[PDB]
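Colleague: just to be clear, this is only the beginning of the complex, oriented as in the whole thing:
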Amino acid sequence: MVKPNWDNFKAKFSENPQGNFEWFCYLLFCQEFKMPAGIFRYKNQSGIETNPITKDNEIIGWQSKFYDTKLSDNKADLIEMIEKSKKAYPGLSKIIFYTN
């Protein structure tokens, strides 16, 4: 295998850490909740979509953010994220949140 290393990530993707983190989280969400496509479809960085999914009479969505400091320091951003998520689609009931 291979251990996680966010210093490799920040050195490698230095011009856009947030957008690449969003790509990575979308791929993992598809592998767990949607129906699995393969490597040839996942290679398109342009293919991100934020649509929620319906399961077991519940509605499930997702969001993610990459940070250099403690989550105590970014409360305004977390609040902004929650309210934007409900604004974008009003039927939402559960949110998976990813961070480093």
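Modeller: On my side now, so go ahead. Residues are numbered from 1 along each chain as shown, chains lettered A, B, ... in the order given.
Colleague: quick one: list the elements packing against the longest helix along chain A.
Modeller: Secondary structure of chain A per DSSP state H: the longest helix is helix A:17-32. Judged by 3 or more C-beta pairs under 8 Å, 6 or more residues apart in numbering; DSSP states H and E, helix A:17-32 is in contact with helix A:6-12, strand A:58-65, strand A:94-99. (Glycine included, C-beta is placed from N, CA and C.)
Colleague: may I see the buried residues of the first one?
Modeller: The neighbour-count check on helix A:6-12 (16 or more other C-beta atoms under 10 Å) flags residue A:9 as buried.
Colleague: what's that helix packed up against?
Modeller: Using 3+ C-beta pairs under 8 Å, 6+ apart: helix A:6-12 touches helix A:17-32.
Colleague: and for the last one?
Modeller: With contacts defined as 3+ C-beta pairs under 8 Å, 6+ apart, the packing partners of strand A:94-99 are helix A:17-32, strand A:58-65, helix A:75-88.
Colleague: could those go into TSV alongside distance to residue A:40 and mean neighbour count?
Modeller: Below are these laid out as TSV (distance: least, C-beta to C-beta, whole Å; neighbours: other C-beta atoms under 10 Å):
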stretch	distance to residue A:40	mean neighbour count
helix A:17-32	13	16
strand A:58-65	23	17
helix A:75-88	29	12
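Colleague: here is chain B, add it in:
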Amino acid sequence: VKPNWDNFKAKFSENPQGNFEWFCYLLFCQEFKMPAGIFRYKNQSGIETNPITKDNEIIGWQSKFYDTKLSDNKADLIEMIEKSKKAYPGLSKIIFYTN
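Modeller: The block that follows adds chain B to the chains above:
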């Protein structure tokens, strides 16, 4: 070559503090012409090695690698100064290295 601390943190992510200490030990030995090194106890207190002597001035050194601005870390420095003279009474100078 150019100083880049992202390269450093990517290369030495399993142990940053321990590799920064070695970088400073090599530069200290180059600066004060001690090519065969210096004696060092296990878990040595105050400063990183035993002191050197030069022109009746006695000198030691200390290094710290931080993510914070130095103003957040004052208590470490006060502790360093007090814990050194407890152990090495004649000490005259300390050189401090940081990123």
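Colleague: again for what packs on strand A:94-99, chain B present now?
Modeller: Applying 3 or more C-beta pairs under 8 Å, 6 or more residues apart in numbering or on different chains; DSSP states H and E, one finds that strand A:94-99 contacts helix A:17-32, strand A:58-65, helix A:75-88.
Colleague: so which of these is nearest chain B?
Modeller: Closest to chain B of these is helix A:17-32 (C-beta to the nearest C-beta; 11.4 Å).
Colleague: what's across from the closest residue to residue A:93 other than its chain neighbours in the sheet?
Modeller: Nearest in space to residue A:93, with sequence neighbours left out and distances taken as C-beta to C-beta, 6 or more residues apart in numbering or on different chains, is residue A:59 at 4.7 Å. Beta-bridge partners for residue A:59, by DSSP bridges, are residue A:54.
Colleague: list the contacts for residue A:59?
Modeller: Contacts for residue A:59 (C-beta atoms under 8 Å, 6 or more residues apart in numbering or on different chains) come out as A:52-53, A:91-94.
Colleague: if we use 6 Å, what do you get?
Modeller: Contact analysis of residue A:59 by C-beta atoms under 6 Å, 6 or more residues apart in numbering or on different chains lists A:52, A:91-93.
Colleague: and residue A:3, how many residues sit next to it?
Modeller: Burial of residue A:3 is recorded as 7 neighbouring residues (other C-beta atoms under 10 Å in any protein chain shown).
Colleague: also put chain C on there:
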Amino acid sequence: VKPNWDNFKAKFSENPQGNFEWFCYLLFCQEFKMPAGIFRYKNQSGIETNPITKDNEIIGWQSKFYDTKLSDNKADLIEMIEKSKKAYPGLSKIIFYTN
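Modeller: Okay, chain C now, added to the rest:
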């Protein structure tokens, strides 16, 4: 494959404790069928992650990598037991891993 701790210490000499903890986390998740992992606080006390629940039994885990025989280390274990119940009052079982 066969267990060899000289191979381990040669491979992971920059950080033995941190890699042994990950070996135990993966084996725990395999044993108790938690394939997507477990929540964990920064500098978490007593046990390595938050507990799991199973058949009305609440379970945690702890790992230590040592050069000494376990008899030399009794105070760590007493501290472990006492510091866990302070934080997670309903806890029922702890699983302990060591070399």
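Colleague: ok chain C is in now, so what about what packs on strand A:94-99?
Modeller: If you count contacts as 3 or more C-beta pairs under 6 Å, 6 or more residues apart in numbering or on different chains; DSSP states H and E, strand A:94-99 packs onto strand A:58-65.
Colleague: now the angle between helix A:17-32 and the strand it packs on, please.
Modeller: Relative orientation of strand A:58-65 versus helix A:17-32 (axes from the mean of the first three to the mean of the last three C-alpha atoms, to 10 degrees): 150 degrees.
Colleague: send over strand A:58-65 as CSV, restricted to the C-alpha atoms.
Modeller: Extracted in CSV, the C-alpha atoms of strand A:58-65 (Å, rounded to 0.1, in the frame of the first residue of the first chain):
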residue,chain,number,x,y,z
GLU,A,58,-33.6,9.8,3.0
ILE,A,59,-31.6,12.4,1.0
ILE,A,60,-27.8,12.5,1.2
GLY,A,61,-25.3,15.1,0.0
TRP,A,62,-21.6,16.0,0.4
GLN,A,63,-19.1,18.9,0.7
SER,A,64,-15.3,19.2,1.5
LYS,A,65,-12.6,21.7,2.5
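Colleague: relative to strand A:94-99, how tilted is it?
Modeller: 20 degrees.
Colleague: for residue A:44, phi and psi?
Modeller: phi -80, psi 100 (degrees, to the nearest 10).
Colleague: perfect, I'm done here.
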